[PDB]
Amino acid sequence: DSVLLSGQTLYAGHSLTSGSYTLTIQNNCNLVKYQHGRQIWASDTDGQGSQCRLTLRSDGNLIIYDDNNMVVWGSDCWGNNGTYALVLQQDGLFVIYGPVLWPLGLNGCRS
């Protein structure tokens, strides 16, 4: 998977993946984007807790919780409440896409 949607959660060892890119929330709590083995970016939250998980809020906010359910890191970017999608793309960027726009219910459109 290359998508994490609001309410879902990646636990330690878990990662999104896309082609050569891999975004992993590590055992040591560091959220790290790789390209084939090589590291490219991280929240630098290594050893900042263990048993950390990466979950995506209902308001689109990307957050890292730790052992004691404390926000270790976040993106601190949130919008209206609904569902979001964090997608690790084929260009290697990880984007978090705004609230749901069209299948609102059956066939509903937030205007």
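Don't overthink the numbering: it's just position in the shown sequence, from 1.
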query: Entry-level comparison of average CA B-factors, 98 to 106 and 15 to 23, reporting the higher stretch; finding: 98 to 106
query: 55 to 63 versus 69 to 77 - which carries the larger mean C-alpha B factor in the record; finding: 69 to 77
query: Within-chain third of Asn30 by Cα B-factor, per the entry; finding: lowest
query: Relative C-alpha B-factor of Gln48, binned into the chain's lowest, middle or highest third; finding: highest
